[PDB]
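The data below hold one chain only, encoded as C-alpha cells and taken in the form deposited without guanosine-5'-triphosphate.
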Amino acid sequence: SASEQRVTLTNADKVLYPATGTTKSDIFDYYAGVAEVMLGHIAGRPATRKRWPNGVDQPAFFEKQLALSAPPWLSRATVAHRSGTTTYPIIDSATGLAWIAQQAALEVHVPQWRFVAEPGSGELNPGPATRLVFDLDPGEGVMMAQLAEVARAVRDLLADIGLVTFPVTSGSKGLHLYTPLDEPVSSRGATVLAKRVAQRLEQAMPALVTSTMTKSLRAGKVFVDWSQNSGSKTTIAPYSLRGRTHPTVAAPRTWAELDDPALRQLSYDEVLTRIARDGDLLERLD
C-alpha cells in the first residue's frame, strides 16, 4: 500500500525532560494513549510544532512548513499569508501523532479554524472559525479563586448567547477556555466577538480583569486574551505536552475542578488516567 503510515521511534531511551527522566519512549506511548481523544480537536487544522531535539534543557524551535523529509503520507494544506505561503501538516491519525513524538515535537499548536475542501476542485483552503478560544493569563499576585471566578464569568457571558464553554489548563500558567460556535464565522469575525466578551467582562470587573496587554495594568488582574482568535495565530492544542521543566499537558478540566484552591497543572501520566476514567471532557467541542 502506497498510503501506509509507519513511524519508527529512534533513541527510545533519550531523556527529553531531565528533571523527571521522561523519555522519547514515554512520549511515544503518551501520544498513542491520547490519540483517540486528541485527534478530534486538531483534525482539519494546520499543525505548528515546537521541537526540542535534545529535550527541554537544550535549544528548541517552532516549525510551520512541512519539510520534504517528513513522511509523504501526512495530510497537508497551504495557507497564503502576507509574506508568502506555508504548507502545514494536518495531524489526523494516530500514526501522525507517532510522527509528532518521533520528531521530539513536544508541543502541537493549532488555530481555531479548519481547512475546508473547495466545492469545485476539493483543494483545501482556510475556512471559518469553528470555536472561540480565550487565554486567561493571571497577573502578578492573582490567586486561583480569582482566575476561576474570571473563567466562570466568561462562561456566564457566553451562556447568555446559548454557547457552552470548556476549560483547559494550559500546562504552563494560562487557563484556556474554548467555546464551539453554533454558526460559522470568519476568524476576523470570531476575534471581534471574543474581544466584545473580554471588554464586557472588563467593564463588569475592572479591578479583576483586563482586555488589553498594556503591561502596567496587568498586576492583580486576569488578562482575558481574545487575540488568539486571529486566523494567523495558533494556540497549544488540548492534550499537547508542554516543553517545560515537567511534562505537563494542556489538560481538559471540569468546572468543579476549577473550584479547587489547590488547582494545579496536570502531568501526562495523570491525563492518561483521567482519559481511562472519564473519557474526553472536550467530546462536545468538535
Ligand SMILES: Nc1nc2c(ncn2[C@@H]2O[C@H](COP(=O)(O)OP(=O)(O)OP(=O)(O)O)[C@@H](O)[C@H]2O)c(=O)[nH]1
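So that there is no doubt, residue numbering starts at 1 and follows the sequence shown.
What comes next is about the form deposited with guanosine-5'-triphosphate bound, which is not displayed.
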| item | value |
| --- | --- |
| Contact stretch among 30 to 38, 251 to 259, 231 to 239, 65 to 73 - heavy atom within 4.5 Å of guanosine-5'-triphosphate in the deposited complex | 231 to 239 |
| Candidate from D92, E202, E149, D137 lying within 4.5 Å of guanosine-5'-triphosphate in the deposited complex - any heavy atom | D137 |
| Sole residue of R155, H109, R114, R131 within 4.5 Å of guanosine-5'-triphosphate in the deposited complex, by heavy atom | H109 |
| guanosine-5'-triphosphate contact at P126 in the deposited complex, heavy atom, 4.5 Å | no |
| Close approach of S170 to guanosine-5'-triphosphate in the deposited complex, 4.5 Å, heavy atom | yes |
| Partner contact for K50 in the deposited complex: guanosine-5'-triphosphate, 4.5 angstroms, heavy atom | yes |
| 4.5 Å heavy atom contact, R244 and guanosine-5'-triphosphate in the deposited complex | yes |
